[PDB]
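See structure below.
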Amino acid sequence: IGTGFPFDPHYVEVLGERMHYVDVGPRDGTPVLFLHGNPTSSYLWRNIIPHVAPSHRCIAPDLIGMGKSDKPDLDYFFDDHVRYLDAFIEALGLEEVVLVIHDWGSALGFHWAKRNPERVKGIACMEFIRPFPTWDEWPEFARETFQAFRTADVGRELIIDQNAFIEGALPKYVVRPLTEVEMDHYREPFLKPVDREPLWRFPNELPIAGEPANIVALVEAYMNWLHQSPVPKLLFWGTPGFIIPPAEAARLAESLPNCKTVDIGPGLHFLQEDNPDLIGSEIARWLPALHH
Ligand SMILES: [Cl-]
């Protein structure tokens, strides 16, 4: 599995701040927009993009406060990310897109699709955010971890002061061991502790046990949209998975219209780090029939 990031940097200024992004492939078609989540960056997509770039434009931004993007002193609420990504998409002049989304990138992507349904020609998703109506829906062995993340004292200590999301959760939810070179690419945005604010606000925004109410309502809304939308969908899942276990992937296969599911083998949350070549090859194979 490749550890390098052989993508030229691109930058766009939106809402006073520079956002970094990958931009490769042809300009005369429908772009494929790749949205990472917490605590990652476009680095997460590095081994997937090369499968898709031959046929389609690949655009992979670093969310505001993450990756090589600028790091304003924001609260980094979901709503902040929405503002920055909405502006990013318009700054690039995108019209119709295909989305490839994970974690908070999936909340952003599904929320954008719900608001812009005629501009979404397909959604490839994996380990995506859905409501967890009670802590019981949450993976058992991570309930204590995320309950502690979701506090103003202990959660800040762990995630900001001790970098637990990077040093702990990230490698814990990849089945294969991440290498030190890969870990250094994920560490680099967050070398200064104060810059870890998004890594803490994100778990506090997760729709779990009814809280926070604004995010539960928005996530419920995009999931209701998704369940009624005819848009083509490609859902990657692993075993045991994390926020989409195998049984949920199978329910979604039956319940979401025009949905193809792909078993990637072993995986937890960051499926891209366990089987990037199958994810990329399957996205590439699925794109042509979306054009018409
Ligand atoms: Cl999170």
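Residue names in the structure tokens use chain letters A, B, ... in the order shown, residue numbers from 1 in each chain, and ligand numbers from 1 in the order shown.
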Enumerate as an mmCIF file with N, CA and C atoms, in the first residue's frame the residues within 8 Å of ligand 1, counting only C-alpha atoms and all ligand atoms.
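Just written: part13.cif:
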```
data_model
loop_
_atom_site.group_PDB
_atom_site.id
_atom_site.type_symbol
_atom_site.label_atom_id
_atom_site.label_comp_id
_atom_site.auth_asym_id
_atom_site.auth_seq_id
_atom_site.Cartn_x
_atom_site.Cartn_y
_atom_site.Cartn_z
ATOM 1 N N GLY A 37 -12.948 12.691 6.220
ATOM 2 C CA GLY A 37 -13.502 13.063 7.506
ATOM 3 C C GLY A 37 -12.441 13.228 8.569
ATOM 4 N N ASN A 38 -12.828 12.801 9.782
ATOM 5 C CA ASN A 38 -11.988 13.016 10.950
ATOM 6 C C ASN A 38 -11.125 11.809 11.233
ATOM 7 N N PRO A 39 -9.856 11.919 11.563
ATOM 8 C CA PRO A 39 -8.972 13.077 11.600
ATOM 9 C C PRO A 39 -8.036 13.113 10.408
ATOM 10 N N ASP A 103 -17.168 9.191 6.607
ATOM 11 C CA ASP A 103 -17.193 9.866 7.918
ATOM 12 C C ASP A 103 -17.774 11.265 7.825
ATOM 13 N N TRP A 104 -17.154 12.300 8.339
ATOM 14 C CA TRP A 104 -17.696 13.666 8.236
ATOM 15 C C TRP A 104 -17.738 14.120 6.800
ATOM 16 N N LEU A 199 -10.603 18.205 15.563
ATOM 17 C CA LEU A 199 -10.556 16.786 15.903
ATOM 18 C C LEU A 199 -11.424 16.520 17.128
ATOM 19 N N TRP A 200 -11.595 17.506 18.001
ATOM 20 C CA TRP A 200 -12.448 17.412 19.175
ATOM 21 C C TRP A 200 -13.878 17.823 18.876
ATOM 22 N N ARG A 201 -14.080 18.872 18.097
ATOM 23 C CA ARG A 201 -15.458 19.270 17.838
ATOM 24 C C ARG A 201 -16.170 18.195 17.020
ATOM 25 N N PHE A 202 -15.492 17.516 16.113
ATOM 26 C CA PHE A 202 -16.145 16.524 15.277
ATOM 27 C C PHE A 202 -16.833 15.439 16.088
ATOM 28 N N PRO A 203 -16.188 14.745 17.011
ATOM 29 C CA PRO A 203 -16.916 13.703 17.755
ATOM 30 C C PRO A 203 -18.038 14.296 18.581
ATOM 31 N N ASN A 204 -17.888 15.532 19.042
ATOM 32 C CA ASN A 204 -18.968 16.213 19.747
ATOM 33 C C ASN A 204 -20.145 16.565 18.876
ATOM 34 N N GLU A 205 -19.981 16.573 17.566
ATOM 35 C CA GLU A 205 -21.045 16.821 16.624
ATOM 36 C C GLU A 205 -21.744 15.540 16.176
ATOM 37 N N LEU A 206 -21.182 14.381 16.481
ATOM 38 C CA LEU A 206 -21.769 13.114 15.988
ATOM 39 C C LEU A 206 -23.214 12.992 16.480
#
```
Practice task
Write down as a list in words the residues of segment 207-257 of chain A whose backbone DSSP state falls under strand (DSSP E or B).
Solution key: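 Taking segment 207-257 of chain A and keeping strand (DSSP E or B) only, one gets residues 208, 211, 233, 234, 235, 236, 237, 238, 239 and 240 of chain A.
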Practice task
Tell me which of A:181, A:208, A:148, A:287 sits closest to residue 1 of chain A, counting only C-alpha atoms.
Solution key: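 Going through A:181, A:208, A:148, A:287 one by one, the smallest distance to residue 1 of chain A is for A:181.
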Practice task
Have a look at atom CA of residue 44 of chain A and atom CA of residue 162 of chain A and let me know their distance in Å, one decimal.
Solution key: 22.1 Å
Exercise for the section: Kindly indicate which residue among A:155, A:61, A:16, A:133 lies nearest to residue 217 of chain A, using only C-alpha atoms for the distances. Expected result: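 Ranked by minimum distance to residue 217 of chain A, first place goes to A:133.
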Practice task
List every residue of segment 48-138 of chain A that DSSP, applied to the backbone of this structure, places in helix (DSSP H, G or I), and write the result as an MDAnalysis selection string.
Solution key: chainID A and resid 49:52 78:91 103:115 117:119 135:137
Resulting file, chosen residues, N, CA and C atoms, as a CSV table (one decimal), in the first residue's frame:
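And here is the file that came out, again.csv:
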```csv
chain,number,residue,atom,x,y,z
A,49,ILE,N,-7.5,7.6,-5.7
A,49,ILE,CA,-7.5,8.5,-6.8
A,49,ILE,C,-6.8,7.9,-8.0
A,50,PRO,N,-5.6,7.3,-8.0
A,50,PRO,CA,-5.0,6.9,-9.2
A,50,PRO,C,-5.8,5.9,-10.0
A,51,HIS,N,-6.8,5.2,-9.4
A,51,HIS,CA,-7.7,4.3,-10.2
A,51,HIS,C,-8.7,5.1,-11.0
A,52,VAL,N,-9.1,6.3,-10.6
A,52,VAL,CA,-10.1,7.1,-11.1
A,52,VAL,C,-9.7,8.2,-12.1
A,78,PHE,N,-19.9,21.5,12.5
A,78,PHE,CA,-20.4,21.0,11.2
A,78,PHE,C,-20.8,22.2,10.3
A,79,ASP,N,-21.5,23.1,10.9
A,79,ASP,CA,-22.0,24.3,10.1
A,79,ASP,C,-20.8,25.1,9.5
A,80,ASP,N,-19.7,25.2,10.2
A,80,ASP,CA,-18.5,25.8,9.7
A,80,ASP,C,-18.0,25.1,8.5
A,81,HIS,N,-17.8,23.8,8.6
A,81,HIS,CA,-17.4,23.0,7.4
A,81,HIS,C,-18.4,23.1,6.2
A,82,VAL,N,-19.6,23.2,6.5
A,82,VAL,CA,-20.6,23.3,5.4
A,82,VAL,C,-20.3,24.6,4.7
A,83,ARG,N,-20.1,25.7,5.4
A,83,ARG,CA,-19.9,27.0,4.8
A,83,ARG,C,-18.6,27.0,3.9
A,84,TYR,N,-17.5,26.4,4.4
A,84,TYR,CA,-16.3,26.3,3.7
A,84,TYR,C,-16.4,25.4,2.4
A,85,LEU,N,-17.0,24.2,2.6
A,85,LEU,CA,-17.1,23.3,1.5
A,85,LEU,C,-18.0,23.9,0.4
A,86,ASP,N,-19.2,24.4,0.8
A,86,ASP,CA,-20.0,25.0,-0.2
A,86,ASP,C,-19.3,26.0,-1.0
A,87,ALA,N,-18.5,26.9,-0.3
A,87,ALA,CA,-17.8,27.9,-1.0
A,87,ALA,C,-16.7,27.4,-1.9
A,88,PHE,N,-16.0,26.3,-1.4
A,88,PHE,CA,-15.0,25.6,-2.2
A,88,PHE,C,-15.6,25.1,-3.5
A,89,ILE,N,-16.7,24.4,-3.5
A,89,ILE,CA,-17.4,23.8,-4.6
A,89,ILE,C,-17.7,24.9,-5.7
A,90,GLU,N,-18.3,26.0,-5.2
A,90,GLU,CA,-18.6,27.1,-6.1
A,90,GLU,C,-17.4,27.8,-6.7
A,91,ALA,N,-16.3,27.9,-5.8
A,91,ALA,CA,-15.1,28.6,-6.3
A,91,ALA,C,-14.5,27.8,-7.5
A,103,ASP,N,-17.2,9.2,6.6
A,103,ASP,CA,-17.2,9.9,7.9
A,103,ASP,C,-17.8,11.3,7.8
A,104,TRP,N,-17.2,12.3,8.3
A,104,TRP,CA,-17.7,13.7,8.2
A,104,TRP,C,-17.7,14.1,6.8
A,105,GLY,N,-16.9,13.6,5.9
A,105,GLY,CA,-17.0,13.9,4.5
A,105,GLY,C,-18.3,13.4,3.9
A,106,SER,N,-18.8,12.3,4.5
A,106,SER,CA,-20.2,11.8,4.1
A,106,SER,C,-21.3,12.7,4.6
A,107,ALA,N,-21.2,13.2,5.9
A,107,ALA,CA,-22.2,14.1,6.3
A,107,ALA,C,-22.3,15.3,5.4
A,108,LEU,N,-21.1,15.8,5.1
A,108,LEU,CA,-21.0,17.0,4.2
A,108,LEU,C,-21.5,16.7,2.8
A,109,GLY,N,-21.1,15.5,2.3
A,109,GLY,CA,-21.5,15.2,0.9
A,109,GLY,C,-23.0,14.9,0.8
A,110,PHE,N,-23.6,14.1,1.8
A,110,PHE,CA,-25.0,13.8,1.7
A,110,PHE,C,-25.9,15.1,2.0
A,111,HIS,N,-25.4,16.0,2.9
A,111,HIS,CA,-26.1,17.2,3.1
A,111,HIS,C,-26.0,18.1,1.9
A,112,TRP,N,-24.9,18.1,1.2
A,112,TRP,CA,-24.8,18.9,-0.1
A,112,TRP,C,-25.7,18.3,-1.1
A,113,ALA,N,-25.8,16.9,-1.2
A,113,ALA,CA,-26.6,16.3,-2.3
A,113,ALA,C,-28.0,16.5,-2.0
A,114,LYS,N,-28.5,16.5,-0.8
A,114,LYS,CA,-29.9,16.7,-0.4
A,114,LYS,C,-30.3,18.1,-0.9
A,115,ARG,N,-29.4,19.1,-0.7
A,115,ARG,CA,-29.7,20.5,-1.1
A,115,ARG,C,-29.5,20.7,-2.6
A,117,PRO,N,-29.8,18.1,-5.4
A,117,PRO,CA,-29.9,16.8,-5.9
A,117,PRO,C,-29.7,16.6,-7.4
A,118,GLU,N,-30.0,17.6,-8.2
A,118,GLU,CA,-29.8,17.4,-9.6
A,118,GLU,C,-28.3,17.6,-10.0
A,119,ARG,N,-27.5,17.9,-9.0
A,119,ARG,CA,-26.1,18.1,-9.4
A,119,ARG,C,-25.3,16.9,-8.9
A,135,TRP,N,-26.8,5.1,22.6
A,135,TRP,CA,-25.5,4.6,22.6
A,135,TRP,C,-25.4,3.1,22.3
A,136,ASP,N,-26.5,2.4,22.4
A,136,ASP,CA,-26.5,1.0,22.1
A,136,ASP,C,-26.2,0.8,20.6
A,137,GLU,N,-26.5,1.8,19.7
A,137,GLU,CA,-26.3,1.5,18.3
A,137,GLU,C,-24.8,1.7,18.1
```
Handout entry: Nearest to residue 268 of chain A, chosen from A:210, A:139, A:198, A:122, with only C-alpha atoms counted in the distances
Key =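 Nearest candidate to residue 268 of chain A out of A:210, A:139, A:198, A:122: A:139.
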Problem - For residue 262 of chain A, the nearest of the candidates A:183, A:125, A:60, A:164, counting only C-alpha atoms - result: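 Under the stated criterion, the closest residue is A:125.
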